[PDB]
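Asker: Before I ask anything, here is the structure I am working with.
Only the coordinates and a few stated rules stand behind these numbers; no lab work does. We place every Cβ from the backbone using ideal geometry, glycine too, and count neighbours over all the protein chains shown.
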RNA sequence: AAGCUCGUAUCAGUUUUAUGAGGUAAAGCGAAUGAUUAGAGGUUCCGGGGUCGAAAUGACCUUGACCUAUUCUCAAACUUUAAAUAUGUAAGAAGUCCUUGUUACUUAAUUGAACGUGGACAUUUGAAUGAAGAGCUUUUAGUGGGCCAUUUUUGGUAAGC
RNA sequence: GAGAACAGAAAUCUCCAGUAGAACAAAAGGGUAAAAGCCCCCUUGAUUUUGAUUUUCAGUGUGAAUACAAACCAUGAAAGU
RNA sequence: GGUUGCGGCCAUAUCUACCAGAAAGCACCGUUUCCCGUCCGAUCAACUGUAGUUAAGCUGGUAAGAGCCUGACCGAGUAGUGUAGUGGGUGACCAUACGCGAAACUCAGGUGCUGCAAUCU
Ligand SMILES: [Mg+2]
Ligand SMILES: [Mg+2]
Ligand SMILES: [Mg+2]
Ligand SMILES: [Mg+2]
Ligand SMILES: [Mg+2]
Ligand SMILES: [Mg+2]
Ligand SMILES: [Mg+2]
Ligand SMILES: [Mg+2]
Ligand SMILES: [Mg+2]
Ligand SMILES: [Mg+2]
Ligand SMILES: [Mg+2]
Ligand SMILES: [Mg+2]
Ligand SMILES: [Mg+2]
Ligand SMILES: [Mg+2]
Ligand SMILES: [Mg+2]
Ligand SMILES: [Mg+2]
Ligand SMILES: [Mg+2]
Ligand SMILES: [Mg+2]
Ligand SMILES: [Mg+2]
Ligand SMILES: [Mg+2]
Ligand SMILES: [Mg+2]
Ligand SMILES: [Mg+2]
Ligand SMILES: [Mg+2]
Ligand SMILES: [Mg+2]
Ligand SMILES: [Mg+2]
Ligand SMILES: [Mg+2]
Ligand SMILES: [Mg+2]
Ligand SMILES: [Mg+2]
């Protein structure tokens, strides 16, 4: 029925798709460091694309992954910025959901003009207890059909705490 | 020009069996081989080392040597008007006990035994195989089996 | 999920070996532990299988046969109450004890137990059990870690240490025992001994005791109940070795009910399936149900 | 076919596809029989004995008109081709008695020009949705 | 060609006895276009052996003109008359190998009265000569003997 | 051509029995790859052109693309299946069984592995058929343009090519 | 496939399906999924001696390759390789 | 009979959906002093067996279920093929004689078996 299997954040992934290498990317990364309190990880370009100005294996973007109580606090901050309203897109078929903010100063965070202003993606993935089953080395398995996150279930979860609005369809 | 590399012509020969690609099961590594054993050679193309050249695919010889990872095999190959004696160093993945030497040994035992019970009864034996013999008279009955008579059938198109 | 598998996909699909499907056996490793030199004929390669469940430590000396693997002897941390240990039954110290027990146990049954003492001393210094002269070579065994990660300080090498100190020849190296310094490229045997007797659990018990009566009380509910004070962990383990060396022989559980009695209940909670005729009836019924549009 | 009986009174099907490529060597002094492998010249269908070339479906009314299409058609092909009329309902299969027993039973569902046959094999559920007519009170 | 020789048939119209079993039946199949064969009667065997029986004795081909000759080579298996020989042939039986081999290949003439067909090299079933003509071998051999 | 060593033997352009190897013929294509005719249904909530309030970030369109279940037809360099003919090995005295000797190899281990002593078992001693004797050595001639027929088969329209 | 500010067909981030439809210098064929592919850690077995063996064969050479013996090393907890 | 560890064969074992599971086991599951590894104690390491739960895993049942397996005078003695003729036919090709013999099709049945060691109302 419902005892164990509650439903929760697996992780929060803050992503700043910077777009270039050098000072600006090192500057953005500092935003994620000074926010996640972790040290962030940098992504390289999969391939060259002239009209975006990036070369393959050039570091274009930074992200950082957060878990447990701290990720839940940063999530809240974001929601605040969008005045507790997301859209019925936003939520994946497989139970996760996300949103983005422009200017990160909109959630705590002073200004330090040597840092500047960055917008950012927010992706939060939902699971239940027992995900370990699909993540562990020995006897890796798949989570049962009942169990396992869905757009319906997690939209309703999210409305129900957060006291929030989904929107549109 | 023409082309005769070592694995020339081997596309279907060294291929793995349908839905049987991948790791080779441990039985293969647990067989024991002795000098004088009779093995059948058959390449496993997933193991490129210790591999029989394709002339020896499907051929059976005698073990003449045993090594960390291979047996040496003696094959008699015909070149010209004469067999030459050939020795091969095959890894074990490519070799398999000859099953007919097994029936044979089994029968040699069976034979010794048949001989024993015969002597310890003091009777004649008869130990060698006869081939399939003609067939002795029978009486077939007709009780429930009155012969059904058939005739040839007219041509007809089914298209 | 509309990710449906075409009947062609399934039809050409080749399944992994069973134990591969079920995530238990690494076959690349198994080939290399098991396979014997061809000119050592039927000399068994023997593995020291060590596994951990969430509550038990399994220790098995196993060998191979086309018709299946064959165990020479086995020992389980669950046995350890017999010899004085009643808690931390999956901790490093128990891993060590279990490796000791299996060692003394098999080479008891091998005759080899008096010749090849082991260490008896124990300061956890790096040493293999080396062969007598003009006598039997020691009984040799190769660690099978299964799917466990080789981390420097892993429980699994505790079982290796107990079994090596037990008098088995189990080839190994220091660099995964706790106490190995990667900068130093040395092994501080002080640290390793500490683990053998549970030092890391013991020091924690004290720190927690002094810094959190409450959490100390849950994590060590047991020790509290048994009046086991912390700085007597070493005795427990030290005295446990004594016991184990004193008497490694296997005594099997005392066994209420017989294999038969077990059978007649124990999965006559087993669903029994239908005969091709009952199935037909179900078929014919289902239609009469379903027939008529909507 | 079309003028005698109408743009619509039949369905004609060319049952043979010209997959085989013919070559011409092709001589342009002259080179020789040196290197004579040809270039592609044309396509052909490799046809067998008793292998069908054309098929036509019409109404029984139109038999004679139809045969004359296929009789007029022979004069365009090398070889001996026979005009056989078939026991078989149109292009399906099943001799008309066995096709009819079926259609008067609900076992036949009209697909795109051709047709779908009720099986006793899949899931009970969706064979019931596929062939409602087959299991229904109905007349 | 090999089979013809292993059955001792290396000359036209020469003939021998074969014991039928599977290992010999597949020989007769391989050879069928080149031979005519069947089931000989006692009569036919009696007369083949009386008229054209010769034995093999240090290679040499020797006419069976006294029972002493048969006993001297076949005595060791029972078989000490020409009728002992015929009997081991017609009943097959235990020394058939050795008895039959002692008999040289029979050298028949062309059939007196002819082959009775316009063409020998088709099967008996197809209008004649070659293959197993069964009982009708007696009539053919009698005219050849 | 010269012989030599032996003498019923192990032989064999053959069968049988047993046990292997093979991917051609055929077959297949609502089975993988590749090709190919036709509709049918459903998708696009993420390619597009309209008409409906220019309206459209909204409907019903026909048109692609794609998906599902069907449909007609194919492969020397495609295939799950898979012949016939051809093809490897075996059918014992250099064998079998019992006892227990040697070693520096090998094993936890006189444990294995090899090679042996001593003891036992010869009527069919281990299918068939044949054997015009089997085995062996030296030396040397000519030849080293080939062509034809059935069948398989490649190039070529074809050819007494 | 379903999801996430600027973000677009195409940037980065989740999740699901996924028998290999990928990758493995190169032609093609074979082979491979806790790998033979991808990321990382340690390395010089691409070394020393000289024999046997398989293909091509005259059973010469050459190229290539296989399994041992005797050294000296690498790696790994180890069996091993 | 259940369950676990190590297996043999490697779908009758896989796939999809829905049920059901006593006891023990197994699991999920609590913790972060310690050895150890992460962007992230998620994985990997360690610690308790203590606070909890059969939800999942796992085991078994259901299904005119997809697949896989097996059988059959199901198709078919068909296709193809070894051998034969101074057989037919202008030819393409075909028939007969002595043999060998498929695949698809159809229908029926089936959906892991098992070795070692331990443990269990
Ligand atoms: Mg499979
Ligand atoms: Mg404890
Ligand atoms: Mg560790
Ligand atoms: Mg018990
Ligand atoms: Mg002729
Ligand atoms: Mg005949
Ligand atoms: Mg099959
Ligand atoms: Mg049991
Ligand atoms: Mg078995
Ligand atoms: Mg910690
Ligand atoms: Mg951590
Ligand atoms: Mg955890
Ligand atoms: Mg762990
Ligand atoms: Mg589980
Ligand atoms: Mg499990
Ligand atoms: Mg289940
Ligand atoms: Mg089914
Ligand atoms: Mg023919
Ligand atoms: Mg012919
Ligand atoms: Mg005529
Ligand atoms: Mg002809
Ligand atoms: Mg024919
Ligand atoms: Mg025909
Ligand atoms: Mg016959
Ligand atoms: Mg078959
Ligand atoms: Mg069955
Ligand atoms: Mg076993
Ligand atoms: Mg056990």
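Asker: May I ask you to say which residue of B:66, B:39, B:35 is in contact with a helix residue (DSSP H, G or I) (Cβ under 6 Å, 6 or more places away or on another chain), more than 21 Å from residue B:6 (Cα to Cα) and within 14 Å of chain C (Cβ to nearest Cβ)?
Answerer: Exactly one residue qualifies, and that residue is B:66.
Asker: Regarding residue C:237, is this residue at negative phi and either more than 16 Å from ligand 2 (Cβ to nearest atom) or within 14 Å of chain D (Cβ to nearest Cβ) (or both)?
Answerer: Criteria not met by residue C:237.
Asker: Got a number for residues in the range C:1-18 being surrounded by 10 or more Cβ atoms within 10 Å (Cβ to Cβ) and more than 6 Å from RNA strand G (Cβ to nearest atom)?
Answerer: Of the residues in that region, 1 qualify.
Asker: Continuing with this model, one more query. If residue C:28 satisfies all but one of (1) within 19 Å of residue C:250 (Cα to Cα); (2) more than 17 Å from the chain's Cα centre (by Cα); (3) near RNA strand G (Cβ under 8 Å from one of its atoms), what's the number of the condition it fails?
Answerer: Failing condition for residue C:28: (1).
Asker: Related question: Taking the criterion of being within 16 Å of ligand 28 (Cβ to nearest atom), closer than 24 Å to residue C:124 by Cβ, out of contact with any helix residue (DSSP H, G or I) (no Cβ under 6 Å at 6 or more places or on another chain) and not in a strand (DSSP E or B), would at least one residue in the range C:55-69 satisfy it?
Answerer: No, that holds for no residue.
Listed here are the residues, each with its yes/no results for (1) within 14 Å of chain A (Cβ to nearest Cβ); (2) within 16 Å of RNA strand F (Cβ to nearest atom); (3) under 24 Å from the mean Cα position of the chain (by Cα); (4) surrounded by 12 or more Cβ atoms within 10 Å (Cβ to Cβ).
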position: C:219; (1), (2), (3), (4): no, no, yes, yes
position: C:223; (1), (2), (3), (4): no, no, no, yes
position: C:230; (1), (2), (3), (4): no, no, no, yes
position: C:233; (1), (2), (3), (4): no, no, yes, yes
position: C:244; (1), (2), (3), (4): no, no, yes, yes
position: C:247; (1), (2), (3), (4): no, no, yes, yes
position: C:253; (1), (2), (3), (4): no, no, yes, no
position: C:256; (1), (2), (3), (4): no, no, no, no
position: C:260; (1), (2), (3), (4): no, no, no, no
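Asker: Looking at the range C:24-38 only, could you name the residues that are within 9 Å of chain B (Cβ to nearest Cβ) and surrounded by fewer than 14 Cβ atoms within 10 Å (Cβ to Cβ)?
Answerer: Hits for the range C:24-38 are C:28, C:37.
Asker: Please tell me if residue B:19 is touching a helix residue (DSSP H, G or I) at 6+ places or on another chain (Cβ under 8 Å), within 11 Å of chain C (Cβ to nearest Cβ), exposed (fewer than 13 other Cβ atoms within 10 Å of the Cβ) and at positive phi.
Answerer: Spelling it out, residue B:19 is indeed touching a helix residue (DSSP H, G or I) at 6+ places or on another chain (Cβ under 8 Å), within 11 Å of chain C (Cβ to nearest Cβ), exposed (fewer than 13 other Cβ atoms within 10 Å of the Cβ) and at positive phi.
Asker: I would also like to ask the following. Go through (1) over 29 Å from residue C:113 (Cα atoms); (2) surrounded by fewer than 17 Cβ atoms within 10 Å (Cβ to Cβ); (3) more than 16 Å from RNA strand G (Cβ to nearest atom) for residue C:190 and report which single condition fails.
Answerer: (1)
Asker: For the range A:20-59, how many residues meet the condition of being under 18 Å from the mean Cα position of the chain (by Cα) and surrounded by 11 or more Cβ atoms within 10 Å (Cβ to Cβ)?
Answerer: Here is the first cut: in the range A:20-59, the ones under 18 Å from the mean Cα position of the chain (by Cα) are A:28-43.
With the extra rule that they be surrounded by 11 or more Cβ atoms within 10 Å (Cβ to Cβ), the set shrinks to A:28-38, A:40-43.
Here the count works out to 15.
Asker: I'm trying to understand the selection: among the residues of the range A:70-104, which are assigned to a loop (DSSP other than H, G, I, E, B) and within 30 Å of residue C:1 (Cα to Cα)?
Answerer: A:86, A:87, A:88, A:89, A:90, A:92, A:93, A:94, A:95, A:96
Asker: Of the numbered conditions (1) more than 10 Å from every other protein chain (Cβ to nearest Cβ); (2) under 16 Å from residue C:290 (Cβ atoms), residue D:135 fails exactly one; give the number of that condition.
Answerer: (1)
Asker: Residue under question is residue C:143, and the condition is that it be touching a strand residue (DSSP E or B) at 6+ places or on another chain (Cβ under 9 Å), over 18 Å from residue C:247 (Cβ atoms) and more than 9 Å from RNA strand H (Cβ to nearest atom); does it hold? Write out each step before concluding.
Answerer: Details: touching a strand residue (DSSP E or B) at 6+ places or on another chain (Cβ under 9 Å): yes; over 18 Å from residue C:247 (Cβ atoms): yes; more than 9 Å from RNA strand H (Cβ to nearest atom): yes.
The answer is yes for residue C:143.
Asker: Picking from C:50, C:70, which residue would you name as being away from ligand 4 (no atom under 16 Å from the Cβ) and more than 19 Å from residue C:172 (Cβ to Cβ)?
Answerer: Of C:50, C:70, the one residue that is away from ligand 4 (no atom under 16 Å from the Cβ) and more than 19 Å from residue C:172 (Cβ to Cβ) is C:70.
Asker: Has the range A:38-50 got any residue that is part of a loop (DSSP other than H, G, I, E, B) and in contact with a helix residue (DSSP H, G or I) (Cβ under 7 Å, 6 or more places away or on another chain)?
Answerer: Scanning the range A:38-50 turns up at least one residue that is part of a loop (DSSP other than H, G, I, E, B) and in contact with a helix residue (DSSP H, G or I) (Cβ under 7 Å, 6 or more places away or on another chain).
Asker: Return the pairs, sorted by first residue and then second, in which the second residue is assigned to a helix (DSSP H, G or I) and away from ligand 3 (no atom under 16 Å from the Cβ), the first residue lies in the range A:127-149 and is closer than 23 Å to residue C:26 by Cα, the beta carbons are less than 7 Å apart, and the residues are 6+ apart or on different chains.
Answerer: Matching pairs, first to second residue: A:140/A:134; A:141/A:133; A:141/A:134; A:142/A:134; A:143/A:131; A:143/A:133; A:143/A:134.
Asker: Follow-up. Hey, among the residues in the range C:149-170 that are outside any helix (DSSP H, G or I) and under 16 Å from residue C:94 (Cβ atoms), which one's nearest to the chain's Cα centre (by Cα)? First the steps, then the outcome.
Answerer: Step one: of the range C:149-170, the residues outside any helix (DSSP H, G or I) are C:149-155, C:166-170.
Now narrow it down to the ones that are under 16 Å from residue C:94 (Cβ atoms): C:153-155, C:166.
Values: C:153: 16, C:154: 13, C:155: 10, C:166: 16 Å.
The extreme case among them is C:155.
Asker: Still on this structure, please answer the following. Residues of the range C:76-92 being away from ligand 4 (no atom under 16 Å from the Cβ), more than 17 Å from the chain's Cα centre (by Cα) and part of a helix (DSSP H, G or I), which ones?
Answerer: The one that is away from ligand 4 (no atom under 16 Å from the Cβ), more than 17 Å from the chain's Cα centre (by Cα) and part of a helix (DSSP H, G or I): C:83.
Asker: Just checking: which of the strands (runs of 3 or more DSSP E) contained wholly in the range D:1-111 hold 1 or more residues that are within 14 Å of chain B (Cβ to nearest Cβ)?
Answerer: Once the strands (runs of 3 or more DSSP E) in the range D:1-111 are filtered for at least 1 residues that are within 14 Å of chain B (Cβ to nearest Cβ), what remains is D:54-58.
Asker: Which residues, taken from the range C:163-187, are exposed (fewer than 14 other Cβ atoms within 10 Å of the Cβ) and either on the phi < 0 side of the Ramachandran plot or touching a strand residue (DSSP E or B) at 6+ places or on another chain (Cβ under 9 Å) (or both)?
Answerer: Hits for the range C:163-187 are C:171, C:173, C:181, C:182, C:183, C:184, C:186.
Asker: Would you be able to tell me the number of residues in the range C:171-204 that are over 23 Å from the mean Cα position of the chain (by Cα) and over 30 Å from residue C:219 (Cα atoms)?
Answerer: Counting residues in the range C:171-204 that are over 23 Å from the mean Cα position of the chain (by Cα) and over 30 Å from residue C:219 (Cα atoms) gives 6.
Asker: All but one of (1) exposed (fewer than 11 other Cβ atoms within 10 Å of the Cβ); (2) over 15 Å from the mean Cα position of the chain (by Cα); (3) on the phi > 0 side of the Ramachandran plot hold for residue D:78; which doesn't?
Answerer: For residue D:78, the exception is condition (3).
Asker: Return the pairs, sorted by first residue and then second, in which the second residue is assigned to a helix (DSSP H, G or I), the first residue lies in the range B:50-65 and is at positive phi, the beta carbons are less than 8 Å apart, and the residues are 6+ apart or on different chains.
Answerer: B:50/B:92; B:50/B:93; B:50/B:94
Asker: Taking the conditions exactly as written (on the phi > 0 side of the Ramachandran plot and in a loop (DSSP other than H, G, I, E, B)), does residue B:126 satisfy them or not?
Answerer: On the way: on the phi > 0 side of the Ramachandran plot: yes; in a loop (DSSP other than H, G, I, E, B): yes.
Criteria met by residue B:126.
Asker: Return the pairs, sorted by first residue and then second, in which the second residue is within 16 Å of RNA strand G (Cβ to nearest atom), the first residue lies in the range E:125-136 and is within 14 Å of another protein chain (Cβ to nearest Cβ), the beta carbons are less than 6 Å apart, and the residues are 6+ apart or on different chains.
Answerer: none
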